[PDB]
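Take a look at this single chain in structure tokens; it is the form solved without ligand SAH.
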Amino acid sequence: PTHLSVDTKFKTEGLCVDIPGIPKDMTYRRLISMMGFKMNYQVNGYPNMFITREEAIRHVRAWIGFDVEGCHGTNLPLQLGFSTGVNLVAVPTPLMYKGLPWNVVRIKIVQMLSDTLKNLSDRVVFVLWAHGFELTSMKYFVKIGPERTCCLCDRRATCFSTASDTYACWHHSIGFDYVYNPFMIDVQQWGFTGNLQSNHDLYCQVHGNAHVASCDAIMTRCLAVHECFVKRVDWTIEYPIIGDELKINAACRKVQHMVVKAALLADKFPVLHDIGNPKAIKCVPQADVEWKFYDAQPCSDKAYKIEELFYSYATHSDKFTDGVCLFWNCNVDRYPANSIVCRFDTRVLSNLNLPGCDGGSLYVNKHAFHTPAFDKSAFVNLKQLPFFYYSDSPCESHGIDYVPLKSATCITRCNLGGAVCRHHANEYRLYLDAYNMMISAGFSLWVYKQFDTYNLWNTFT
């Protein structure tokens, strides 16, 4: 049952205002036929245009909300809206384009999807709140058939060209006019009461209804993300490597070890309260400190309230004001003044970070993590952590071409001595690259106000 059976029933109540008289009893087989597509009984990788909620969740990077509003249905113009903010007007003769015939509109659709998706996914998933016109408009820009490969590479085909009779992936589709073998999901099939806006607005205040098709497309995709990644969570689903995932994750582990080790050396905290991932390991295994762990799964809806994290019911809590607290990707409303924090900035633009629900973002790196909206007021008791590199390892090369390093932030015995050694220069430069990688991916670092790297120099005596 990996794919959605074409013989599964499709509820048609949402379709009956654009398509009055539509049968209540309807399969995806008959719906696709009504839409003008012929599947011809084919076992060539495309069994159904529509997919299950589970298949959609695995292909969240391909999600594009899509809505169509009958501007005036063959005799009248249609407004095509996408979750990219684009509105196109197709004449039968928040970016708003003037009315144009389908032969030119379809070229723009292929260009927009290709630029949006080439670095995200091998396909497109149109996320719908289906009322009828969107389904009947698909024949004007979509072609279907057997699964194919690109004419210029090994990737699966996503576009077709009537000018050359060739197929292309999102990277090689310049000049292509048809979307080929797209997928789609109707959010209305999941069991909702009331219209799109009333359901969307229950969970999100960031997407207004500016009464255009793209606004509905944005709300539809937002509602879908809420249902699949906010109220329901699945960290076992794996997602392919599309960018700097491995380098980012490795940089995160390096930065965490560096920052925590320096905080412990600089302020000599007797206890560290590590709050977050129930599977966390000590990031500084050699530290003398009393290491205490507290379990909190990643919050996907609202940031944790610090009052609830330290609420111990009918028993006394641990002394959280003693020592230091470590919140490594544990999103809280207001960090305590004695903290070391790594907080993902949801506003960051990247191929790993997708738009989410209520200001939040869906960060997809190995697993999908819906993250609550970044809020500067969470850090009022802390300061931004400045870049620095610290090392107590011996000054010896072991085993690249050199230019001598001069830097006030290379905290080593050799720099204290007046001249940074080759080993520490190489490690400083590698660390700086890892640091820049993590920051540019969207992570932000915050620390208790008394943190001072000047206190690290006396660890070399």
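Throughout, we count residues from 1 along the sequence that is shown.
Just so it is clear, the following notes concern the form solved in complex with ligand SAH, a form of the same protein that is not shown.
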Discussion item. Can you check whether the pocket is open or blocked when ligand SAH is overlaid onto this chain using its placement in the deposited complex? Blocked = 3+ ligand atoms within 2.4 Å of backbone or C-beta.
Written reply: blocked
Worksheet item: So, in the deposited complex, is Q189 in contact with ligand SAH at a 4.5 angstroms heavy atom limit?
Response: no
Worksheet item: How about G194: is it within 4.5 Å of ligand SAH in the deposited complex, going by heavy atoms?
Response: no
Item to complete: Would you please decide whether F310 lies within 4.5 angstroms of ligand SAH in the deposited complex, comparing each non-hydrogen atom pair?
Response: yes
Discussion item. How about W328 - does it come within 4.5 Å of ligand SAH in the deposited complex, if we only consider non-hydrogen atoms?
Written reply: yes
Discussion item. Can you work out which of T149, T166, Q111, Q297 has a heavy atom no more than 4.5 Å from ligand SAH in the deposited complex?
Written reply: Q297
